């Protein structure tokens, strides 16, 4: 399976598992993440989510082939279900970033609660290098999380951060040796899952309630511009340039 799932000690562990494609997110994986996060809200015996990935990468971003598949989905697109499920999840989420977190690998962290990283973790949101724009309301949430200057160094200039730089900016709050990241993140998730459940749920609701409506509105504003860029010559050329091993040209 592309998403490994286990449930113990009232923690739902979700492990992204396509190490062959550097844990690139496709339709199937988005659908499965959405399914599990929705499950967490409705089961009162699920009190924390631990999210991580197998191997040396957290995720390399959107799967390219699956990104540009002409065959449109039945019903709501899986990426949209995922963004809605993670942005509205009532359950506290601990995320353990085990390696490079690129694009949607970075932006999904803004909707997690406890954000921890290994020393080998890296972070990038290079929307401009591919000719696209911020998604998952990161145009609102990234500056709130790290300030305007870090947010622009990431989103406009395409900077890659290491784990220590992410910590100093406040994007992550703990950095562990690679070999203990998961065990230490699980210990924290288990502790949260053992606390008074309504206390935790209400506390998160109060915290997330401040920007809840603007988060949904910003995803729609970004989405319109994103769709337009995805279908434009600028996207084609950014992508073609990389595969043709040349500098992109924009007249």
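Numbering follows the first chain given and starts at 1.
Asks: Quick check on the record: does 77-85 or 169-177 carry the larger mean Cα temperature factor?
Replies: Going by the record's values, the stretch with the higher mean is 77-85.
Asks: Using the B-factors recorded in the PDB entry, average over the C-alpha atoms of 191-199 and of 26-34, then report which stretch comes out higher.
Replies: Result: 26-34.
Asks: Taking the Cα B-factors listed in the entry, which of 137, 114, 97, 71 comes out highest?
Replies: Highest C-alpha B-factor among the listed options: 71.
Asks: Where does the C-alpha B-factor of residue 205 rank in its chain, lowest, middle or highest third?
Replies: For residue 205, the deposited C-alpha B-factor lands in the lowest third.
Asks: When the modelled residues of the chain are sorted by Cα temperature factor, does residue 129 land in the lowest, middle or highest third?
Replies: Highest third of the chain for residue 129's C-alpha B-factor.
Asks: Lowest, middle or highest third: where is residue 48 by C-alpha B factor in its chain?
Replies: CA B-factor rank for residue 48: lowest third.
Asks: For residue 64, return the chain-relative third of its C-alpha B-factor as stated in the PDB record: lowest, middle or highest.
Replies: Highest third.
Asks: Relative to the other modelled residues of the same chain, rank the CA B-factor of residue 12 and answer lowest, middle or highest third.
Replies: Lowest third of the chain for residue 12's C-alpha B-factor.
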